[PDB]
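First, one chain by itself: the form deposited in one PDB entry, in structure tokens.
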């Protein structure tokens, strides 16, 4: 019922981010949402003496039809004084993990009055017909990195009756989300989390289901054929040459030896027994892990995505080139690439939160202007990661195909 001192980082002012255009239906949804928040004291109108701004938009959360307000606090999050949540390494090892939205608990906690000015946002008007409707927050805002930090004191006390009733459950908080993991059978997992809901009720309706996949890093696979054409062997040598940047003893000499001469690409080449031995030794090398692959919490996570076609997307997460920490494949709108990419980004970010407790920086196979025009139309999560754009087609797409 009392506020906590919160400041910015030294030598930095509050955010001054431009509001981007919004459709009429999103503007009206935000007008209704913010009108009720104002009556409930959560936000208040502000005057021209507040020069700060943070973008706002509207989403329809997964499996729902009512609009939700999402504030892009990425710039304020970069500029807010850090608050010092040891990420549980056991969460990634649990059989199932459920994501519970608990963001509404923040609105019952007041925000430091001196800091409120920095949370300012603007509901834009169509065609600049009026100046925007300007608001600032009075309570902890959803999406601000300081909200889980400040509420962590209170959140710990709510969960302790549950955590000691179930020492086997792992609970982790990131932003507005609670991640709840156990090793139980799925039926007994649904029930115990419906039990966990009996706390925000006393002291919110939906949940997300997650299961770790077989491999943290998918193995590099080589074809198994009975007849190899010149083209097949050229593609194999290229993939082995690329993998030799990752794996130590990959040899291609005996396989390149088969390509001796100036042969048609479709001519069948019998493999010699030395070449078949080299290929066989390469297979065994590729089934070992990569040497010297460790997570450093001080360094950023990088995620690259490749469009493979037919709704298939490959990705790799790393900190150092050729030292992949995780790789994967996202599959299955059969007509909208951008919607697919936006869902892959959210799925990769959720996996990154579970494993390392932070979001990666994306390298997106898309032009900036196309992505910035459309990604908000399909976004469904309350956090937003960072991203950059790839404008030159990487040769690497083949090697994960």
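C-alpha atoms forming the largest set that superposes within 1.5 Å between two forms make up the rigid core. Positions refer to the first chain, counted from 1.
- In the record comparison, residue 206 is unmodelled in at least a third of the other entries of this protein that model the residues flanking it.
- Unmodelled stretch separating residue 294 from residue 295: none (count of deposited-sequence residues without coordinates).
- According to the entry, the deposited sequence places 10 or more unmodelled residues between residue 203 and residue 204.
- Mean CA B-factor, 252-260 versus 313-321: the higher value falls on 252-260.
- Set 11-19 against 382-390 and average the Cα temperature factors; 11-19 ends up higher.
- Across 347, 368, 61, 361, the entry's maximum B-factor at the CA atom is seen for 61.
- Among 231, 119, 241, 188, the highest C-alpha B-factor recorded in the PDB entry belongs to 188.
- In this PDB entry, residue 27 carries a Cα temperature factor that places it within the lowest third of its chain's modelled residues.
- Split the chain's modelled residues into thirds by C-alpha temperature factor. Residue 330 is in the middle one.
- Placement of the Cα temperature factor of residue 65 within the chain: highest third of the modelled residues, per the deposited record.
- In this PDB entry, residue 174 carries a Cα temperature factor that places it within the middle third of its chain's modelled residues.
- Ranked by C-alpha B-factor against the other modelled residues of its chain, residue 304 falls in the lowest third.
Not on display, but discussed next: the form deposited in another entry.
- When both forms sit on the same rigid core, the CA shifts between the shown form and the other one reach 2 angstroms or more only at 217 out of 302, 217, 169, 155.
- Relative to the superposed core, residue 185 shifts its CA atom by 2 Å or more between the shown form and the other one.
- Compared with the form shown here, the Cα atoms of residue 353 and residue 215 sit 3 Å or more closer together in that other deposited form.
- Note: residue 214-residue 180 Cα separation is 3 Å or more shorter in that other deposited form than here.
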